[PDB]
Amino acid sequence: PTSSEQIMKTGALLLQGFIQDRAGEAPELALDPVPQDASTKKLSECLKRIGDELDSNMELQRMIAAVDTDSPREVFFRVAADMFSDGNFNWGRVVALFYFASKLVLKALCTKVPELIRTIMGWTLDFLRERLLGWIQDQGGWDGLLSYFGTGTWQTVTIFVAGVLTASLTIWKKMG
């Protein structure tokens, strides 16, 4: 079903996957790959493609560079809060949030702080549970995410998804 547990599980899987897919290590600390069904695999392939396009948006990469490299806690929550501050929701924003969390993880890996992988995922899944889960339930599950994106629209949806993340980062940056 469209139960809480399953939306949480799929969330954790997608995020972990994205951090695998963007990542192209403390072995005893690894979180094993959530196993993926047909449905989740299609979501994962969706996210990989939109992530690769976001990686090519230079304005967004300048903004992610500005993120407090080894102290990202306050920046994750302020960016997350701001992007959802109008009380509306869309799948582009959910994708933006997972992407950003994934880049924060990658920035920590570089800084060789691997216990942040767990911590950042924890912040993101807590945010999903507290703030997004109701909406994803009303939508009938994670499957809806696929229809936010279409086969001929990747370059175009990217602009708007990059745009929302870059905007919340700009406010975090300028407001200090």
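Residues carry their position along the shown sequence, with the first being 1.
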Subject >> Extent of unmodelled deposited sequence, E25 relative to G24 >> reply: 4 to 9
Original post:
Higher mean Cα B-factor in the deposited model: 84-92 or 67-75?
Top reply: 67-75
**OP:** Could you check which stretch, 162-170 or 15-23, carries the larger mean CA temperature factor in the entry?
**Re:** 15-23
**OP:** Pick out which of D55, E28, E59, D126 has the highest C-alpha B-factor in the PDB entry.
**Re:** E28
